[PDB]
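Input: a single structure, listed below in structure tokens.
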Amino acid sequence: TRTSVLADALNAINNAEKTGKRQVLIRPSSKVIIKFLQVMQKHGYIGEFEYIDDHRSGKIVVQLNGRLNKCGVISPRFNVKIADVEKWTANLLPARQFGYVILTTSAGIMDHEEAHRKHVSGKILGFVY
Amino acid sequence: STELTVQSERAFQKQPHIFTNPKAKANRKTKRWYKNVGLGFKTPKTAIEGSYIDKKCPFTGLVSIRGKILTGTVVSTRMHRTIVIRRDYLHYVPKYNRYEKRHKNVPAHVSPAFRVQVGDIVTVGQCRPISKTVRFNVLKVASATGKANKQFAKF
Amino acid sequence: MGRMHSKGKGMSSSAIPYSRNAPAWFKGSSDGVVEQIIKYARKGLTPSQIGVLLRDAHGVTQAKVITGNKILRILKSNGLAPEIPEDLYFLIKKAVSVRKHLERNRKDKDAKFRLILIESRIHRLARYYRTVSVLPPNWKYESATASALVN
Amino acid sequence: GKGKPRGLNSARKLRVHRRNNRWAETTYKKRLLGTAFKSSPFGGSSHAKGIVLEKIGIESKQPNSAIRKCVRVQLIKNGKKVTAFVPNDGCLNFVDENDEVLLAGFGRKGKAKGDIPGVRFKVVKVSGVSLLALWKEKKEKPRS
RNA sequence: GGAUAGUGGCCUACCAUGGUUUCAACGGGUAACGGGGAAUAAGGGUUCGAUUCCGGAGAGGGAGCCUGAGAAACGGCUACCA
RNA sequence: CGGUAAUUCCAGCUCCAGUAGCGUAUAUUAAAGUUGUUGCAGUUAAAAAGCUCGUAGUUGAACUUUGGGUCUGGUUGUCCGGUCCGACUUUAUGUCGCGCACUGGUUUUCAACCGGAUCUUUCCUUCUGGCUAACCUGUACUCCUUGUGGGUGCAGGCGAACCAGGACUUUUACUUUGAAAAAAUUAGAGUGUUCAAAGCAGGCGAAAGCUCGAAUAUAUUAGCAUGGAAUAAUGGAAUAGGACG
RNA sequence: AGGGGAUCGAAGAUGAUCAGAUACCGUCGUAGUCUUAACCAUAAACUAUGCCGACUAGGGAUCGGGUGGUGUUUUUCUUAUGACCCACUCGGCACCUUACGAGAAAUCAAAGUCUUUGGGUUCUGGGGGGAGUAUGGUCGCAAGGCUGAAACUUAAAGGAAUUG
RNA sequence: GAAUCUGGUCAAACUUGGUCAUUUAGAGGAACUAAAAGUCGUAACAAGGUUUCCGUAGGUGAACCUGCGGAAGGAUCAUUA
RNA sequence: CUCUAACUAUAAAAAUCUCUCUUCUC
Ligand SMILES: [Mg+2]
Ligand SMILES: [Mg+2]
Ligand SMILES: [Mg+2]
Ligand SMILES: [Mg+2]
Ligand SMILES: [Mg+2]
Ligand SMILES: [Mg+2]
Ligand SMILES: [Mg+2]
Ligand SMILES: [Mg+2]
Ligand SMILES: [Mg+2]
Ligand SMILES: [Mg+2]
Ligand SMILES: [Mg+2]
Ligand SMILES: [Mg+2]
Ligand SMILES: [Mg+2]
Ligand SMILES: [Mg+2]
Ligand SMILES: [Mg+2]
Ligand SMILES: [Mg+2]
Ligand SMILES: [Mg+2]
Ligand SMILES: [Mg+2]
Ligand SMILES: [Mg+2]
Ligand SMILES: [Mg+2]
Ligand SMILES: [Mg+2]
Ligand SMILES: [Mg+2]
Ligand SMILES: [Mg+2]
Ligand SMILES: [Mg+2]
Ligand SMILES: [Mg+2]
Ligand SMILES: [Mg+2]
Ligand SMILES: [Mg+2]
Ligand SMILES: [Mg+2]
Ligand SMILES: [Mg+2]
Ligand SMILES: [Mg+2]
Ligand SMILES: [Mg+2]
Ligand SMILES: [Mg+2]
Ligand SMILES: [Mg+2]
Ligand SMILES: [Mg+2]
Ligand SMILES: [Mg+2]
Ligand SMILES: [Mg+2]
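Chains as they are written, first to last, in the entry's author numbering: chain W, 2 to 130; chain L, 2 to 156; chain N, 1 to 151; chain X, 2 to 145.
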């Protein structure tokens, strides 16, 4: 029973990236996955991906450009305050210089710096670096 | 409720210090004082033309509503002329960054002007100390059925 | 590949094609298909049987793709849906067969194992069909209401 | 993996899991059960007075052979009886059978130490004065 | 209805059969007065809080009390047990 | 360690760390990723109920308005206008410099990033009345250079600029901000308690009264208002017992 | 409790061997071994690997099934079958190489995707003994199971692995 | 308007026995630790000289053996010889 | 880039042990 679709998506992404596969197949292909991936690409950590339709949830084919080292989800979407996000930084980001913990807020799925400069905090999704 | 001719017990039931005039050439059955609680609540129709007494009714009775307002789910209707509302909510224990679905059950008072089934969703309000269990009192039932407003299939 | 009542891990299934619209070659129209469907239903045939017959004896690939709607819902439209869905009904029938076996002979304790498994399936479907307002919630199931309804 | 529930309202099982599994640690069990008060004659407090009843010499463990000089002591605040060893060269003559002695633990947290069998305590003061001062002759026993 | 400064099974009288529970009731234990806080410290946190501030509680153990706005008072009483 | 050469016993002498403090014992925390939410191990070391069904709890498939076009308030850095600063020493400038050390226009193209209005088949609840804010108003058309540079005016008529009698009302959890968290402690503003622990004082006169203060955040659990509508849960209209006119 | 009652075979009767053998060796020979009803609930009920998920590496082969062969023998002059060979796959027990990872290693294609710590999941253990013991329940006709300590006591017990 | 005193009334408290918690002796009964030059054998580690170990049941100075079922933690990963 | 065949068979007894355990630097 596929429970957290984005979790499986990024798990496959990370597996292939470690293996070196320049591309990945994601089965569920939900909105959350999609938005996570535009954040992924806009930060410059991934190339051009594609969506397939099935009349059932579609499919995802993401082109790996090697710049990724890991994705990663926080499947318990822990409830975070505006101040607390920084701690998540120091616990998931490889350094404060870069690295982006992705969180979903009322505004939407965003990078943590996007949220901070918007001064808005929602719930946590995952991380990229 | 009071079930079919309220005037049943060993004493009469009359809204206190309202005088039913025998000297009026009217034959108007009785004078039923009534009032709206407020806060955007609408007094239901069956209260104005009713015959019951319910001294503890917010509308036709003596009690005055003031203070807290809550929403809850009917859990038990067996008790006479009163009700019990379960309230399920989440509790953030700080040690684990988690919420906690626990329940608190509270008794309230229902006027005969209302029809209540188990599992109904009811807005309830605060009032005077009515009984050692009852300190709240119902206002109105929104989800009268939940999903059972349609039951037959005759196209 | 969940397969509660065993360790099965088989994905053997059937995959619908892409076109929700009818194929080009087909000649019949929706209304005639509906009339064929309702006549088949009045024969006393369960909806899955009728779907199979439509697929085989005709170019009726999908009830929904051709007539815009599925079999059970159409059979509800003309007020002719049976009281129990074919699924639960067939499960109850198999349960009755198991029950008659176990009443005939006793030492089939492994058949008692199958009995508990199956009746668990009935309990699952009963909860589901009580939540979704198909059966009235008053309905229960022990042994004998099955004997009356099925037989 | 990680067969401990993770859901956003899924730690009744987790909190109770800790809540029950605490008992695995012995220190937690001792602290919660008050074992330092009911059992363990030395009432969990760092010191207690007692009366010397008899003197004994007891051998060491295997890799040693040295008969230490210990004393049977009855603790006044319970009357319970226990051994206690007297550390120094010239101390046995300082016991003065039927005397009041102030005793502490032997610094191993309720266990034997080194090459001493069945003993748990130290002899830190004798007859009001402290035996350590007597050892280096800083004060003298009044001999009351 | 009584009673209370006043609600309320507070108490009574006539009835009705109910209330709480595995979301931890009730019972047992607490060398537990609750808190503000203290210690400890990447972060998360663990333990202590008899004790300067807040409340609440007691004046040997229970009870009963007049007076007084305010007492069930104890450097105020009435009684028993010690 | 010690059983005839003791680097440990016990003294003496050399010393090392501690220092008016230091050593013992009993409890406690960190070390402890040895309670593991963050963050444990479970083929063999400790340990997967024999297996299976299954209540409660827990976990739950994907799916329902997204893009432009335009305009703007901006807050940042982009040319700098002036103000002017360092090379030049008792005093000052042309010149070289940090290419503005202090202040704007932002169409300097620039990039943003926060909203706001908007055209979307694009609702942001809307009436019943104020009050009309205001100008499509439209009445005299005019103070006036033909010229919309500029306005008093009074029935239709923009309400959203704010008011008020309802009637409506999907609700959540969440989240932002604000309101409450006495004090004391905590954090830290200032302040020569002789420094400092502190404490909440003091500083300036000319000693002729004149002044500074006693700064600021935190507390998340319950509750209240609040901007948001992504996350996740929930309701529809199926016998139309449905929506509008 | 009841039906069976061959063989085998705990008790036991016995003859060897040894200083000792009511141990192993060989004879006999009950319970029990087959079972009908009723209990029994444990076993080294071990792959000493919980389940449900997705993804990662090559290789044959093997079972059940299905796909396509101008495939081949079959022969029913003939097709149809079947039975075989080829090619692909679905699912199942497994296997071979490898380390690409990961482990205390032994190894494992999962014991991986685990400090770059987070798919969802129920149950377990916190040094060794004392001890699966005491105790109180609980189930049981009983043998016994599920549940389940503490005092006390010790600095190791122990796992893999090294060369002797 | 005191004494006395009708009623009830809160009811402390006393007797009486029941019932329970905790300490508490205790004839006697049954164990475990540490003490390692006590005694008897040698169960185990190798094929421990009968492979070990486990569950079950009987017996057995003691170890343990025995019968039945298991497992490799074994000493076999191996017969298309 | 042509091969599918041979093969054997002992088990007699062995029971045990109180020692010291000692140190690595330019
Ligand atoms: Mg209690
Ligand atoms: Mg406390
Ligand atoms: Mg206190
Ligand atoms: Mg106080
Ligand atoms: Mg007074
Ligand atoms: Mg008093
Ligand atoms: Mg008082
Ligand atoms: Mg006093
Ligand atoms: Mg007095
Ligand atoms: Mg010497
Ligand atoms: Mg010395
Ligand atoms: Mg550990
Ligand atoms: Mg083990
Ligand atoms: Mg196991
Ligand atoms: Mg198992
Ligand atoms: Mg459930
Ligand atoms: Mg979902
Ligand atoms: Mg405060
Ligand atoms: Mg301070
Ligand atoms: Mg028999
Ligand atoms: Mg025989
Ligand atoms: Mg013999
Ligand atoms: Mg022998
Ligand atoms: Mg024999
Ligand atoms: Mg024999
Ligand atoms: Mg077992
Ligand atoms: Mg199988
Ligand atoms: Mg232990
Ligand atoms: Mg053990
Ligand atoms: Mg038992
Ligand atoms: Mg009286
Ligand atoms: Mg001997
Ligand atoms: Mg032997
Ligand atoms: Mg032998
Ligand atoms: Mg053996
Ligand atoms: Mg030997």
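Every residue, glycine too, gets a C-beta built ideally from N, C-alpha and C.
State yes or no: is the beta carbon of residue i nearer than 8 Å to at least one beta carbon in chain N?
i: L:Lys155; result: yes
i: L:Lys148; result: yes
Under the three-state reduction of DSSP, which class applies to residue i: helix, strand or coil?
i: L:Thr83; result: strand
i: N:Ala146; result: helix
i: N:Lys93; result: helix
i: W:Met41; result: helix
i: W:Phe79; result: coil
i: W:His117; result: helix
i: X:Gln75; result: strand
i: N:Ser77; result: helix
i: L:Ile66; result: coil
i: X:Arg19; result: helix
i: N:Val65; result: helix
i: X:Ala12; result: coil
If you follow the alpha helix (DSSP H) that residue i is part of, which residue opens it and which one closes it?
i: W:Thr90; result: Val86 to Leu93
i: W:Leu69; result: First-last for W:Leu69: undefined, no H or E at that position.
i: N:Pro136; result: Run containing N:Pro136: none; DSSP gives neither H nor E here.
i: N:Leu117; result: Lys109 to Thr131
i: N:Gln36; result: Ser30 to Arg42
i: N:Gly51; result: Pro47 to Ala57
i: L:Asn106; result: Per DSSP, L:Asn106 belongs to no alpha helix (DSSP H); it is in the beta strand (DSSP E), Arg103 to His110.
i: W:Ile103; result: Element bounds for W:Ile103: not the alpha helix (DSSP H) but the beta strand (DSSP E), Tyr101 to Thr105.
i: X:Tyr29; result: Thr27 to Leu34
Of all Cβ atoms in chain W, is any one closer than 8 Å to the Cβ of residue i?
i: X:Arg16; result: no
i: X:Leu135; result: no
i: X:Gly8; result: yes
Could you please give the first and the last residue of the uninterrupted beta strand (DSSP E) stretch that includes residue i?
i: W:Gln24; result: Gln24 to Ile27
i: X:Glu101; result: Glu101 to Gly106
i: W:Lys19; result: Unbroken run through W:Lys19 is the alpha helix (DSSP H), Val6 to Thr20; no beta strand (DSSP E).
Using a Cβ-Cβ distance cut-off of 8 Å, determine whether residue i contacts chain L.
i: N:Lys112; result: no
i: N:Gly79; result: yes
i: N:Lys76; result: yes
Between the region 121–139 of chain X and the region 90–105 of chain X, do at least 3 Cβ pairs fall closer than 8 Å?
-> Contact between the region 121–139 of chain X and the region 90–105 of chain X is present, because at least three Cβ pairs lie under 8 Å.
Are the region 28–48 of chain W and the region 6–14 of chain W in contact at 8 Å, needing three or more beta carbon pairs?
-> yes
Give a yes or no on contact between the region 109–126 of chain L and the region 48–61 of chain L, applying the rule of three or more CB pairs nearer than 8 Å.
-> yes
Positions along the region 57–80 of chain W whose CB lies within less than 9 Å of some CB in chain L | Against chain L - using a Cβ distance shorter than 9 Å - the residues of the region 57–80 of chain W are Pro77, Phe79 and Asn80.
Between the region 79–111 of chain L and chain W, which residues of the former have CB atoms less than 7 Å from a CB of the latter, in chain order?
-> Against chain W - using a Cβ distance shorter than 7 Å - the residues of the region 79–111 of chain L are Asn98.
Count the C-beta pairs between the region 104–120 of chain W and the region 10–20 of chain L that are closer than 8 Å, then say yes if the count reaches three, no if not.
-> no
Evaluate the contact criterion for the region 139–149 of chain N versus the region 92–106 of chain N: three or more CB pairs, one atom per stretch, below 8 Å.
-> yes
Touch test, the region 49–65 of chain W against the region 14–29 of chain W, Cβ-Cβ under 8 Å, three pairs minimum | yes
Are the region 118–130 of chain W and the region 92–101 of chain W touching by the rule of at least three beta carbon pairs closer than 8 Å?
-> Of all C-beta pairs linking the region 118–130 of chain W to the region 92–101 of chain W, three or more are shorter than 8 Å, placing the two stretches in contact.
Check whether the region 63–76 of chain L touches the region 130–149 of chain L, taking contact to mean three or more Cβ pairs, one atom from each stretch, closer than 8 Å.
-> yes
Inter-stretch contact (C-beta, 8 Å, three-pair minimum) for the region 67–76 of chain N and the region 30–39 of chain N | Contact between the region 67–76 of chain N and the region 30–39 of chain N is established, with three or more Cβ pairs separated by less than 8 Å.
Does the region 83–93 of chain X touch the region 28–40 of chain X, meaning 3 or more C-beta pairs lie closer than 8 Å?
-> no
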